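Participant: Residue numbers (the working numbering), protein chains in the order written: chain A, 1 to 161; chain B, 1001 to 1161; chain C, 2001 to 2161; chain D, 3001 to 3161; chain E, 4001 to 4161; chain F, 5001 to 5161; chain G, 6001 to 6161.
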Amino acid sequence: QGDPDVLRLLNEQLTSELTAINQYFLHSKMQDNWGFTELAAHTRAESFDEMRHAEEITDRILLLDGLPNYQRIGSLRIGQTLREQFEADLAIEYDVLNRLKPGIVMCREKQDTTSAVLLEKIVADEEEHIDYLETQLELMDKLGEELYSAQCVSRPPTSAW
Amino acid sequence: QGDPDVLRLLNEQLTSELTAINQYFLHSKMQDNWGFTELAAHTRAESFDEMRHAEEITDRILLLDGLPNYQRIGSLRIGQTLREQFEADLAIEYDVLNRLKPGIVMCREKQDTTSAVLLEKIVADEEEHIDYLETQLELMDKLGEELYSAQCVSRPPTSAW
Amino acid sequence: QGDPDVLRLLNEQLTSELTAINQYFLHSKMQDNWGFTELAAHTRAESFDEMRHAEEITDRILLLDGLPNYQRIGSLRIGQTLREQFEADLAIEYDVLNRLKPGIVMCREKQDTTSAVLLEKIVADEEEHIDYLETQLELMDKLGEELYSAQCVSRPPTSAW
Amino acid sequence: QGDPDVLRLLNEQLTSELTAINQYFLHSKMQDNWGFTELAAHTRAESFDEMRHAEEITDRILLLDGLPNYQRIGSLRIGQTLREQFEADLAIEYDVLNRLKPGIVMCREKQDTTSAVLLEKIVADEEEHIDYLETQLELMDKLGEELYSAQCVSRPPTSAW
Amino acid sequence: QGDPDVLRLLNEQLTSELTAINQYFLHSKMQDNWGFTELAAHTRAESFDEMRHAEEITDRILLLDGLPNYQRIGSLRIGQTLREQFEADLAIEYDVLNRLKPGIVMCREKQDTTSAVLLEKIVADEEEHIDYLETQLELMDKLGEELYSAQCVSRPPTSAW
Amino acid sequence: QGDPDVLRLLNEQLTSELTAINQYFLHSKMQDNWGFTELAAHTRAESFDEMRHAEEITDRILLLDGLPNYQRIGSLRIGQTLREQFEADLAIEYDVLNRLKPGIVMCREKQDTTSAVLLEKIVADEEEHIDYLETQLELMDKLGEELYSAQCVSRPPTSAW
Amino acid sequence: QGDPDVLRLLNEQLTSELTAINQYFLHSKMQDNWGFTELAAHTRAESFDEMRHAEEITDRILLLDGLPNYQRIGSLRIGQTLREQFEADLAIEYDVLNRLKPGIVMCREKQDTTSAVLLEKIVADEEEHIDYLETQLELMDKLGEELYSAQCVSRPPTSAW
Ligand SMILES: [Fe+3]
Ligand SMILES: [Fe+3]
Ligand SMILES: [Fe+3]
Ligand SMILES: [Fe+3]
Ligand SMILES: [Fe+3]
Ligand SMILES: [Fe+3]
Ligand SMILES: [Fe+3]
Ligand SMILES: [Fe+3]
Ligand SMILES: [Fe+3]
Ligand SMILES: [Fe+3]
Ligand SMILES: [Fe+3]
Ligand SMILES: [Fe+3]
Ligand SMILES: [Fe+3]
Ligand SMILES: [Fe+3]
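Below is the structure:
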């Protein structure tokens, strides 16, 4: 099993997943720590969702006789404000699309449809998340940073613990 | 209404399904009768899964105004030891892959995506079964035949009746 | 070990069952596909019943140290109308009675009563089905083909989907 | 009154049942006492099966106005190893088939079908036990004695008490 | 079509059933009327038991393209005391055995096992009812008629109302 | 290892149990067959009671490294009337007392209290069964045999079927 | 007040129990610690059983105005392998039988039956355990040490934590 070009694509996406997991998780802990507890819970969920992706890819790789790469993490764009965090996470998302769109076509050319369908679902998921992040940035401009941030705390406001 | 080439492909796969069902079911009966009753349940489930594929393909053929071929069987490979059975069953699965991979691409070129999607699912499924069979053969080597077989009996060993 | 003439008879019946299963299942899919969904469900159950028979004969053969023949199918007679299907299915059934009636007598001469009882039960089942099939034909003449067929669709008429 | 020859056959089979009951029960206790507790439970069950057979024969005999023989026990052959026990038990099962096969034919010649059916059912039951026993012997050769034996103990191994 | 000789035998037995049904039912009404209400309930059930037999035979006859005879009835022998009733009912039962024993052998000679099995089951049933009747007569002699009769009443004694 | 004298005594008692089991069970089938269905259920239970005794002794013998004797059976005395049956069963019981009383004292002399306690419990049980049997015989004389027998039937009387 | 020789015997047994409790509990912790967690659980229950015995003897002593000796322990024999542990635990057990058997006889001579019955029950318990221990050693020889040990671990193997 396992076409070297497909395996390499899968492993590169896996590296991207482990990056997203760490980045998203930390951001959610920071949001929590700042008092934005309502938002933190949401961001945390996205993190576990990438975990699910990572596992799905790991499985595909193992089935294909490859060795999953758990050694390499990508760069970490840690935001110091809500807006920076949204933008940072958006940036990871666009890169996934840039890589997976052409990747899918190749998988099908290489006659590996199972890998292709896997990546098609991930694209579908990522498009939704990208939309969510872009909508939040639009909301910040429409409402104002303070007003938007107030919708991110509880009543009364709390902290990480 | 359905493309003649797509229909010949579906009928080829259908024939392959009927062959697999008989082979898998008989193997399950033999394993059962040999005393390997735990394993036999697993193989039995596999033949019922193939029946489900046979029905799905039949549906597709009929919808395309084709005639499902229920007259033709391929050559059964009956193993006379556990290892032979895993290897015989493995042989059918690869043929399935070798056939359906070019077939899916063809179906999409003919713009029949519903038939392509049906075969995409079947391929996904067979890959999981191949991995299962290939793994059983690996375990026989790692554990040794006798030790592996002891894991396929109940406590205490039964008989099948 | 089982007597060779008994095993041959058992295997001949097994070939008959596999044929019947295919014929009946295909007929039920066709009936379903024509819109006769109420009838289709009934014919489906008949093919699963022949499955039950196939497994029982397989067990008996295996117990007698025989090798169950799953490689050979008989000739399918596929009907292109309801009446034809009833007549085609009836042809298999009379065929079984013709084979089994002398067969039982012989099984008992060879002092294999357990095989005899198995075949006695199958004969009893087939007589009931033959009666069913003959009654449907009788009803088609009495009601008329149209009126009869109307009793085989749901309200409102539906399809395989 | 019953035919004296049928009555003599029934009493003869009754003696065989009483023998098998003793032999099977003792073996089960010995297996229990050796540490083979999972196997013991199975052999104990077979012992109560023969008890039911013994009762049914007693009934038939009484109905036929004869005297059931509870005075005579056959020759017990008691195994000192598992393999010996399977062989000893199999030996007695073969005698049954040898006595009952011609016996049934004659019952029917004597026009006593109720007695014949009772014996037909017994033959059916013993063929399944013969198969179970022969399969165990076959498993001992395939797995080895120790490995097979270990499938007959509990985890952890225990004792009769 | 059934064999004409088998059909004749079946209709003879049916005539016997209808006779037994009327006789047993009337005897039970008379026993009830005399005050023997406990016994009457038992005899009534025997009467419905023959009804079931009558229906089974009717069914078989119709499946064989025969015409069930519901016009001919046998001669009732109606007892005027408990003992006479038992002796009268026993007389029908023996006639059933005298006719069915040879009948079964013939049915099997004609290739009709289903009719034979039906009759085998009836012989088994009547054998049990004969035993019951014979046992009651033995009890009357052991207990004396007065003492036996007292076991057939309720506490306190009642009537058909 | 148990003391050889204790082992001999245990096997003697076991032989007695097996004799009692057969005799009591047959007597109960005969009582049932005669119509004495209420009494039969009682005798049947006594028979299973001795089975429990037989198993306890077997267990003790095996724990002491002995070989249980399941080959030797005593002489059955089978009664042809109720009174004979009670007298026949009572005769076994007295023999048990005659053997076990001295037996217990010896067991304690040999340092084997567990075997002694087992036998003490059996003596207690048989003493109660002797009382039951002796009481039934006294009742036959007080009531008369006919009147006593009437207490052993159901209302209304039935049979073994 | 209790007899001085009885009290001494009771206290000697109490010292035996405290020793056994320690030895068995430590063995179970060691077995648990080696990975034989299934076996460990069984050995633990045995030490709690000896606790039960220790308390009963304490009660009896106190009732007889004695002073229970909780200051003295016997010599622990700690095994460094499974087989050694079984043999070490067996050594204590034969020791108890040797002490208790003559002891009981004496208790009864001193006319202290309640103390005698207490010791009779302990002897009965120990015989069962001795059988258990002897059977495990017997099974180690039959299966082999490795195969036997494998039956003492969970799936998958685990540890004391
Ligand atoms: Fe992603
Ligand atoms: Fe995402
Ligand atoms: Fe498939
Ligand atoms: Fe599959
Ligand atoms: Fe059939
Ligand atoms: Fe059918
Ligand atoms: Fe038997
Ligand atoms: Fe058996
Ligand atoms: Fe009848
Ligand atoms: Fe009747
Ligand atoms: Fe007893
Ligand atoms: Fe008793
Ligand atoms: Fe103790
Ligand atoms: Fe203990």
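Built from N, CA and C at the ideal position, the CB exists for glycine as well.
1) At a Cβ threshold of 8 Å, is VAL117 of chain A touching chain B?
2) Short check: CB of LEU3100 of chain D to CB of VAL3123 of chain D, under 8 Å?
3) Closer than 8 Å, Cβ to any Cβ of chain E: which residues of the region 2087–2105 of chain C, in chain order?
4) Indicate whether at least one CB of chain C lies closer than 8 Å to the CB of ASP3141 of chain D.
5) Report the three-state DSSP secondary structure of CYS3107 of chain D (helix, strand or coil).
6) Starting from the N-terminal end, write out each residue whose C-beta falls within a distance shorter than 7 Å of any non-hydrogen atom of ligand 2.
7) Determine, using beta carbons only, whether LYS3029 of chain D comes closer than 8 Å to chain F.
8) Just to make sure I have the definition right: I need the residues of chain D whose C-beta is within less than 8 Å of the C-beta of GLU4127 of chain E. Which are they?
9) Tell me the start and end of each unbroken alpha helix (DSSP H) in the region 3033–3059 of chain D that is at least 4 residues and wholly inside, in chain order.
10) So is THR2058 of chain C buried or exposed if we call it buried at 16+ other beta carbons inside 10 Å?
11) From the beta carbon of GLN4111 of chain E, is the nearest beta carbon of chain C less than 8 Å away?
12) Residues of chain D with a CB under 8 Å from the CB of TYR6132 of chain G: which are they?
13) Sorry if obvious, but does the Cβ on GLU5017 of chain F come closer than 7 Å to a heavy atom of ligand 11?
14) Looking only at C-alpha atoms, which of E:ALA4054, E:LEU4007, E:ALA4160 sits nearest to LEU4014 of chain E?
15) Where does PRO3068 of chain D land, buried or exposed, given buried means 16+ other C-beta within 10 angstroms?
16) Could you tell me whether the region 13–32 of chain A touches the region 85–95 of chain A, using the rule of 3 or more Cβ pairs below 8 Å?
17) Could you give the first and the last residue of the continuous alpha helix (DSSP H) run that contains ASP141 of chain A?
18) Between the C-alpha atoms of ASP112 of chain A and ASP3 of chain A, what's the straight-line distance to the nearest angstrom?
19) To the nearest angstrom, report how far apart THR2037 of chain C and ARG2044 of chain C are at their CA atoms.
20) CA-CA distance, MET3051 of chain D and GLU1012 of chain B?
21) By the 10 Å Cβ neighbour count, where 16 or more other Cβ atoms means buried, how is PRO5157 of chain F classified, buried or exposed?
22) Beta carbons nearer than 7 Å to chain F: which residues of the region 4030–4056 of chain E have them?
23) Any heavy atom of ligand 7 closer than 7 Å to the beta-carbon of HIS3053 of chain D?
24) Please classify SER5016 of chain F as buried or exposed, where buried requires at least 16 other C-beta atoms within 10 Å of its C-beta.
25) So is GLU1126 of chain B buried or exposed if we call it buried at 16+ other beta carbons inside 10 Å?
26) Express the C-alpha separation of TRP2161 of chain C and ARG1072 of chain B in angstroms, rounding to a whole number.
27) Would you kindly work out how many angstroms separate the C-alpha atoms of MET1106 of chain B and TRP34 of chain A, rounded to a whole number?
28) Since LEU2014 of chain C meets chain B, which of its residues come closer than 8 Å, beta carbon to beta carbon?
29) Is the beta carbon of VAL3096 of chain D within less than 7 Å of some heavy atom of ligand 7?
30) What does residue 3162 of chain D touch in chain B if you count any residue whose Cβ is under 7 Å from its own?
31) By a C-beta neighbour count over all protein chains shown, 10 Å radius and 16 as the cutoff for buried, is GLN5031 of chain F buried or exposed?
32) Ordered along the chain, which non-local residues of its own chain (more than five positions away) have a Cβ less than 8 Å from that of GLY5066 of chain F?
33) Name, please, each residue of chain D whose Cβ falls closer than 7 Å to the Cβ of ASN5022 of chain F.
Facilitator: If we stick to the structure as given:
1) yes
2) yes
3) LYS2101, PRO2102, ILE2104, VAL2105
4) no
5) helix
6) Environment of ligand 2, chain-ordered: A:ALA20, A:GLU46, A:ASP49, A:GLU50, A:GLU93, A:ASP125, A:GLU126, A:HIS129, taking every residue with Cβ within less than 7 Å of a heavy atom.
7) For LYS3029 of chain D, the answer is yes, since a Cβ of chain F falls inside 8 Å of its Cβ.
8) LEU3063, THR3114
9) none
10) buried
11) With 8 Å as the cut-off, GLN4111 of chain E counts as an interface residue toward chain C.
12) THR3158, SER3159, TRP3161
13) yes
14) E:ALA4054
15) buried
16) yes
17) According to the DSSP assignment, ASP141 of chain A belongs to the alpha helix (DSSP H) that extends over 113–143.
18) 9 Å
19) Going by the C-alpha atoms only, they are around 10 Å apart.
20) 56 Å
21) buried
22) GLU4038, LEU4039, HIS4042
23) Of the heavy atoms belonging to ligand 7, at least one sits nearer than 7 Å to the Cβ of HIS3053 of chain D.
24) Burial call: buried.
25) The residue in question, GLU1126 of chain B, is buried, as its Cβ has 16 or more Cβ neighbours within 10 Å.
26) Answer to the nearest angstrom: the Cα atoms are 27 Å apart.
27) Near 56 Å, if we compare the C-alpha coordinates of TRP34 of chain A and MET1106 of chain B.
28) Going along chain B, no residue has its Cβ under 8 Å from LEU2014 of chain C, so there is no contact; the nearest lies around 11 Å.
29) Correct: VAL3096 of chain D has its Cβ closer than 7 Å to ligand 7.
30) Given that chain D is displayed from residue 3001 to residue 3161, the structure contains no residue 3162 of chain D and the question cannot be resolved.
31) buried
32) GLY5002, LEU5007, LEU5010, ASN5011
33) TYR3070
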